[PDB]
Protein chains: 2
Amino acid sequence: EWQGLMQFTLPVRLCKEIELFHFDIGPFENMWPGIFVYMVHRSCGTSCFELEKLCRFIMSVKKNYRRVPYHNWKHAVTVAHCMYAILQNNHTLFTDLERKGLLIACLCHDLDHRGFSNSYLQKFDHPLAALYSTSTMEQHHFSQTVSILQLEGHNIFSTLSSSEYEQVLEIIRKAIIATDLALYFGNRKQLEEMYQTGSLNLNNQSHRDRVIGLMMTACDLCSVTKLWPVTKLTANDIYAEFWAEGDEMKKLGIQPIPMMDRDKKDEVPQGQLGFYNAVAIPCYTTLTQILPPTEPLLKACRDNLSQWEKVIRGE
Amino acid sequence: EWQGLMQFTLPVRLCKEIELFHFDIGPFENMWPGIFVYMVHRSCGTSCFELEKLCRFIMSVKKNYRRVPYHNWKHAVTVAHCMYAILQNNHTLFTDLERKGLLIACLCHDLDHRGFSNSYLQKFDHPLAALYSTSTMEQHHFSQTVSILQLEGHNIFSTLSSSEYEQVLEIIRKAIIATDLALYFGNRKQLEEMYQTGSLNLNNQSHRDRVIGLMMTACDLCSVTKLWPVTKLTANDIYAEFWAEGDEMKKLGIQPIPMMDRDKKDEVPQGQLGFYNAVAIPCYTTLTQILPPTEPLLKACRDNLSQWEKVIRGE
Ligand SMILES: O=c1ccn(-c2cccc(C(F)(F)F)c2)nc1-c1ccnn1-c1ccccc1
Ligand SMILES: O=c1ccn(-c2cccc(C(F)(F)F)c2)nc1-c1ccnn1-c1ccccc1
Ligand SMILES: [Mg+2]
Ligand SMILES: [Mg+2]
Ligand SMILES: [Zn+2]
Ligand SMILES: [Zn+2]
């Protein structure tokens, strides 16, 4: 099976559509592993990784996402695809090493997620929180990536020099860390200012890491940039995960926040509104200012915001 | 009427096209009864049913479909044909008794449909809802089937033992009930787990029952698997019928849901993309896994889904 992935060929029709931001992987489950291979090949080249190792890596990454409602294998590939479209539209802004790292990082950014937030683990003294005090899950995700890399025949970065091996791990590490939404708000705030004053410079490494940060957020949340019926369905998976967590708290005696409370569904429409206004819109707005070809992301997001506004009005 | 049918020979220029999953019966209206005959002869043999009784039965079946926009005689034969194509492409898996039963089941699965859903009937306290509390129309459909079998000169299962007769009515009954879409979701979900755990055993009768059910669902929805110009037009019949149910609710003065509401005509494309994603795609996806030969159904379904995307996007 991990061999059948090597003889995979992407259908011609899909070769055209995969380039667009709005593309939806959802109806093509059996092709997701192959879709990642294709995307890595178009962005980085066909002789970048050894195909054997690359295919073994990908299959092992799929195996280590759980059967949870939202933070699953589908999510990993969804996030990788959006990165791909960002990279493709701003190709020469990034180095070979960065594109390698960011795609792999997107594929790995939620590895071994259990369906629980950083709040939960920390509040209920889960061992993961004892090990990782800030950005709990995200640190575990990066730890999971290294583990897979160190498996027999799984080290896709074996052709690299020591120097480039370290550089790419660090790129991946910051990238995964950056998907902690707790860190997004500060990041986006800084970038907005640097853009306003005209002080943002891509050759400044810390500015560069900030940009990559924002890119990781945009990709993590891109399911709000898909066509309305796709986003609506994803919303169900997201909320199915939140409610499952809130129920765990109710069993433990403690009342969950509204977002995680299956008894507060009425509040959901207004919760989506709040999320779009406070998080998602300002995310893609800042991104479009820095990387103008990412405009379609902001555009789609605005469409979905507009939709939720109709729901609140009574449709 | 039944006598001109005994004389019927399918024209040779359709002897190959008929075997294709995407075959459209639409241009061949007055051949529909003969096409069924033909499909039965090829899949069960010309020795299976007495030709006189079989012809009488088909014509009574035809007359007991009402002149409704979608749940009519055309749909009955369209669904039967898809079953034909499945059975043909999995030559060895199903028993003689199963094949006899499944074709008859498909042709009868919507008998005497009134163009109203179950919830409509239960809502407004229709005598049929008072009779069958769950799967209301489906239990009526089967009832209509048994009535026609028990007409004079119509019992096509005359040449079966008492035991086989009981088995084949059980096969038909379960298959008709399974076309209740409410039960589809549970069934597909179980089947997915069984494939995933590898615990799916076709020696297990209640596993066969589940598989048969999924095939029923697949055939029932197969209008989403035809060539675009055929799928696009059948959609208009489906919604005509949804809207008539809503109109009836609005005559009575009650608000229907958007699917049935014709003041929501514009949202049909979005409504199609949603349905394909939440219902059609997972159906044929799980069917293809269980029965690899049925893959052309999924492929066709994917092609029509992207067509709706283009409609929504103005392409
Ligand atoms: O649709 C949503 C509603 C709420 N949240 C959310 C999540 C966490 C924190 C917060 C908080 F606002 F509380 F900080 C809000 N995320 C999404 C969303 C849309 C796309 N990905 N995700 C997502 C992001 C992260 C986790 C789950 C889902
Ligand atoms: O094109 C469609 C749009 C919506 N529905 C639908 C039907 C029931 C429930 C739901 C619900 F979304 F509520 F679950 C959606 N079915 C079809 C469709 C495509 C092919 N056959 N049928 C079909 C299936 C069943 C009945 C009539 C038509
Ligand atoms: Mg995460
Ligand atoms: Mg029905
Ligand atoms: Zn994520
Ligand atoms: Zn039907």
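We use all heavy atoms of the structure for the numbers below, so side chains are in, but hydrogens, waters and symmetry mates are not. Chain naming here is simple, since letters A, B, ... match the order of the sequence lines and numbering starts at 1 in each.
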Q: According to the interplanar angle, ranging from 0 to 90°, do the rings of A:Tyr239 and A:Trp243 count as parallel (below 30°), tilted (30 to 60°) or perpendicular (above 60°)?
A: tilted

Q: Rounded to the nearest 0.5 Å, what's the gap from CE on B:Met39 to SG on B:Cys82? Could you check?
A: 10.5 Å

Q: More than 12 foreign heavy atoms under 6.0 Å from NZ of B:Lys62: is that the case here?
A: no

Q: Can you name the one residue among A:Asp303, A:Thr225, A:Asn304, A:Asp24 that meets side chain to side chain donor-acceptor pair (under 3.5 Å) with A:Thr231?
A: A:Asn304

Q: How far apart are the C-alpha atoms of B:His113 and B:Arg66, what are their side-chain angles, what is the distance that settles it, and do they pass the side-chain contact (heavy atoms from CB on, under 4.5 Å) test?
A: CA-CA 7 Å; B:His113 202 292; B:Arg66 303 189 183 200; over 6 Å; no

Q: Can you name the closest pair of heavy atoms from B:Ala278 and B:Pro282 and give their distance?
A: O-CG, 3.9 Å

Q: Got a donor-acceptor contact below 3.5 angstrom from the B:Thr145 side chain to the B:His141 backbone?
A: yes

Q: At their closest point, which heavy atom of A:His109 faces which heavy atom of A:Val79, and how far apart are they?
A: CE1-CG2, 3.5 Å

Q: Within the distance-only criterion (no hydrogens, no angle test), does the side chain of A:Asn72 pair as donor or acceptor with the backbone N or O of A:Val68 below 3.5 angstrom?
A: yes

Q: Do B:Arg188 and B:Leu214 come within less than 4.5 Å of each other through their side chains, counting heavy atoms only?
A: yes

Q: Can you tell if the side chain of B:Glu98 reaches within under 4.5 Å of the side chain of B:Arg208, non-hydrogen atoms only?
A: yes

Q: From B:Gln190 CD over to B:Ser206 OG, what is the distance, rounded to the nearest 0.5 angstrom?
A: 10.5 Å

Q: Evaluate the side-chain proximity of B:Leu169 to B:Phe142: yes if any heavy-atom separation is below 4.5 Å, no if none is.
A: yes

Q: Using a 4.5 Å cut-off on heavy atoms from C-beta on, say whether the side chain of A:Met137 contacts that of A:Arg114.
A: yes

Q: Is there a side-chain contact between B:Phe57 and B:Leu149, using heavy atoms and a 4.5 Å cut-off?
A: yes

Q: What verdict does the side-chain contact (heavy atoms from CB on, under 4.5 Å) test give for B:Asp247 and B:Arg262, after you've listed the backbone C-alpha separation in whole Å, the side-chain angles of each residue and the deciding distance to 0.1 Å?
A: CA-CA 8 Å; B:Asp247 292 329; B:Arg262 67 162 73 240; 2.7 Å; yes

Q: Rounded at 0.5 Å granularity, tell me how far CD1 in A:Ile86 sits from SG in A:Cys219.
A: 3.5 Å

Q: With rounding to the nearest 0.5 angstrom, report the CG to CG distance, A:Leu305 to A:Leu273.
A: 6.5 Å

Q: Taking atom CD of B:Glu29 as the centre, report whether more than 12 heavy atoms of other residues, nucleotides or ligands fall under 6.0 Å from it.
A: no

Q: Can any side-chain N or O of B:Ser143 pair as donor or acceptor with the backbone N or O of B:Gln139 at less than 3.5 Å?
A: no

Q: Strictly distance-based, threshold 3.5 Å: is any side-chain N or O of B:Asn64 a donor or acceptor partner for the main-chain N or O of B:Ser60?
A: yes

Q: Checking A:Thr294 side chain against A:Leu297 main chain: does a donor-acceptor pair fall under 3.5 Å?
A: no

Q: Working note: B:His22 + B:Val230, criterion side-chain contact (heavy atoms from CB on, under 4.5 Å); need CA distance, chi angles, decisive distance, verdict.
A: CA-CA 10 Å; B:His22 60 271; B:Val230 182; over 6 Å; no

Q: Which value, rounded to the nearest 0.5 Å, describes the distance between B:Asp261 atom CG and B:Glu267 atom CD?
A: 8.5 Å

Q: With no hydrogens and no angle check, is any side-chain donor or acceptor of A:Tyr184 less than 3.5 Å from a backbone partner on A:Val279?
A: yes

Q: Tell me the closest heavy-atom pair linking B:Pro269 and B:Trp308, and the distance in Å.
A: CA-CE3, 3.9 Å

Q: Parallel under 30°, tilted from 30 to 60°, perpendicular over 60°: which one fits the rings of B:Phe23 and B:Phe28?
A: parallel

Q: Between B:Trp32 and B:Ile25, is there a donor-acceptor pair closer than 3.5 Å when you use the side chain of the first and the backbone of the second?
A: yes

Q: Is the shortest heavy-atom distance from the side chain of B:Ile312 to the side chain of B:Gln272 under 4.5 Å?
A: no

Q: Determine whether a donor-acceptor pair (N or O, by modelled atom type, separation under 3.5 Å) exists between the side chain of B:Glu241 and the backbone of B:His71.
A: yes

Q: Assign the ring pair A:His81 / A:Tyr84 to parallel, tilted or perpendicular, where the plane angle (0 to 90°) is split at 30° and 60°.
A: tilted

Q: Within the structure provided, determine whether A:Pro229 and B:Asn277 are in side-chain contact (heavy-atom separation under 4.5 Å).
A: no

Q: Using a cut-off of 6.0 Å, state whether more than 12 heavy atoms not belonging to A:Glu295 lie near its atom CD.
A: no

Q: Using the six-membered ring wherever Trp is involved, compare the ring planes of B:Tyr132 and B:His140 and label them parallel, tilted or perpendicular (cut-offs 30° and 60°).
A: tilted

Q: Quick one: CE on B:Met216 to SG on B:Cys106, what's the gap to the nearest 0.5 Å?
A: 3.5 Å

Q: Identify the two heavy atoms, one from A:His75 and one from A:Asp220, that lie closest to each other, and give their separation to 0.1 Å.
A: NE2-OD1, 3.0 Å

Q: Check this for me: A:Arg313, atom CZ, are more than 12 non-hydrogen atoms of other residues, nucleotides or ligands nearer than 6.0 Å?
A: yes

Q: Aromatic rings B:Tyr65 and B:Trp73: how do their planes relate, parallel, tilted or perpendicular, breaks at 30° and 60°?
A: tilted

Q: Please determine, by modelled atom types, if B:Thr179 and B:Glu138 share a side-chain donor-acceptor pair under 3.5 angstrom.
A: no

Q: Kindly determine whether A:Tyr70 and A:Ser223 satisfy side-chain contact (heavy atoms from CB on, under 4.5 Å), including the steps that lead there.
A: CA-CA 11 Å; A:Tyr70 176 68; A:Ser223 77; 4.1 Å; yes

Q: Within a 6.0 Å radius of atom NZ on B:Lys299, are there more than 12 heavy atoms belonging to other residues, nucleotides or ligands?
A: no

Q: Taking the side chain as C-beta and beyond, is there a heavy-atom pair between B:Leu107 and B:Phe36 under 4.5 Å?
A: yes

Q: Do you know which two heavy atoms are closest between A:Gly115 and A:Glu245, and how far apart they sit?
A: O-OE1, 3.8 Å

Q: Is there a donor-acceptor contact under 3.5 Å linking the side chains of B:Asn118 and B:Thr136?
A: no

Q: Might you confirm whether atom CZ of A:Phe185 has over 12 heavy atoms from other residues, nucleotides or ligands at distances under 6.0 Å?
A: yes

Q: Compare every heavy atom of A:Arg13 with every heavy atom of B:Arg302, then report the nearest pair and how far apart it is.
A: O-NH2, 3.5 Å

Q: Are more than 12 heavy atoms, taken from residues, nucleotides or ligands other than B:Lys189, located less than 6.0 Å from that residue's NZ atom?
A: no

Q: Hey, is the main chain of A:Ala218 close enough, under 3.5 Å, to the side chain of A:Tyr284 for a donor-acceptor pair?
A: yes

